[PDB]
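Undergrad: Chains as they are written, first to last, in the entry's author numbering: chain A, 361 to 412; chain H, 104 to 155.
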Ligand SMILES: *[C@@H]1O[C@H](CO)[C@@H](O)[C@H](O)[C@H]1NC(C)=O
Ligand SMILES: *[C@@H]1O[C@H](CO)[C@@H](O)[C@H](O)[C@H]1NC(C)=O
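1) For a test of the three-state rule: what should DSSP assign to residue 145 (chain H), helix, strand or coil?
2) Just to make sure I have the definition right: I need the residues of chain H whose C-beta is within less than 9 Å of the C-beta of residue 375 (chain A). Which are they?
3) Along chain A, which residues have their Cβ under 8 Å away from the Cβ of residue 110 (chain H)?
4) Could you spell out the range, first to last residue, of the alpha helix (DSSP H) harbouring residue 118 (chain H)?
5) For residue 387 (chain A), which residues from the same chain have a beta carbon less than 8 Å from its beta carbon, with the 5 sequence-adjacent residues on both sides left out?
6) Should residue 126 (chain H) be counted as a contact of ligand 1 given a C-beta to heavy atom distance under 7 Å?
7) List the residues of chain A that residue 113 (chain H) touches, going by C-beta distances under 9 Å, in chain order.
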């Protein structure tokens, strides 16, 4: 009795998963100056629009 | 700025009023207009004081 592994199919699956991961992980956009997202007072409709 | 006050009061969710005793020396308080008729006599806004 014996057991063994197949390398070609294993490598194909690993390569596809690694391609997906490389397409997802590490790609990030840069945003520098944006609007205020926390407020200490209430002032009306402009702050409401920003929150919305 | 009507919209800001409307939004602020709507978000507050109450009309609770506590009466304070301002000094208001040397003037005539209350004051009534013919446009606001409460019952049969002239009146004014209930929560605002017209100083004359
Ligand atoms: C209101 O004004 C009068 C003016 O004579 C003063 O004597 C009194 O202390 C004042 N009251 C308050 C509560 O500030
Ligand atoms: C104004 O009217 C109110 C309600 O009747 C009363 O409490 C207050 O003393 C009046 N102020 C005056 C007469 O100066």
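Built from N, CA and C at the ideal position, the CB exists for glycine as well.
TA: Well, looking at it:
1) Within the second chain, the letter at position 42 stands for residue 145 (chain H). Three-state DSSP puts residue 145 (chain H) in a strand.
2) The count along the first chain starts at 1 and reaches residue 375 (chain A) at position 15. Result: empty, since nearest Cβ-Cβ is about 55 Å, beyond 9 Å.
3) By 1-based counting over the second chain, the position of residue 110 (chain H) is 7. Those within 8 Å of residue 110 (chain H) in chain A are 404, 405, 408.
4) Here residue 118 (chain H) refers to the residue found at position 15 when the second chain is read from its first residue. Neither: residue 118 (chain H) is in no alpha helix (DSSP H) and is coded neither H nor E.
5) In the first chain, the residue the question calls residue 387 (chain A) occupies position 27. Contacts found: none.
6) Translated into the one-based positions of the second chain, residue 126 (chain H) becomes position 23. Yes, since a heavy atom of ligand 1 falls inside the 7 Å radius drawn around the Cβ of residue 126 (chain H).
7) By one-based count along the second chain, residue 113 (chain H) stands at place 10. Residues of chain A passing the Cβ test: none, with the nearest at roughly 10 Å.
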